[PDB]
């Protein structure tokens, strides 16, 4: 069952990253829809972008809540802090979309991409660490 917990942790992480990138795919494609005049579809993509990032944040919190050992807990709290940066950048992108402003969009698009780069690396390190811990249990 500690074996079971490692898998549940890996799954939180994998879903969190996937939904976080989906959230960015929705704000940028939503912005394009908006500029094409499809305001209702853009508004649903904004809401979807909100909901995806909020679900990722919640899984990251669960991931911290379940990280006991010192190796894991420190990487996990840095993922949590990095995600906050990412979430704030995407919220910035959603408001540029509501305000129809390319200028504000480009201003935070780069912030989002740099936090997202750190999130991917943190995920890889956590995946390796969790898989190491599961394998040491088996040994």
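In this text, the rigid core denotes the largest set of C-alpha atoms whose superposition between the two forms falls within 1.5 Å. Positions refer to the first chain, counted from 1.
Farther from the shown form on average, by C-alpha root mean square after a core fit in 5 other deposited structures of this protein, is 38-46, of the stretches 38-46 and 86-94. For 108-116 versus 65-73, the mean Cα distance to the shown form in 5 other deposited structures of this protein after rigid core alignment is larger for 65-73. Annotation for 128-136 versus 2-10: the higher mean temperature factor (C-alpha) is found in 2-10. Mean C-alpha B-factor is higher over 64-72 than over the other stretch, the pair under comparison being 35-43 and 64-72. Between the residues 29, 56, 49, 99, the entry's highest C-alpha temperature factor is the one at 99.
Per the PDB record, residue ranking by Cα B-factor puts residue 91 in the middle third of the chain.
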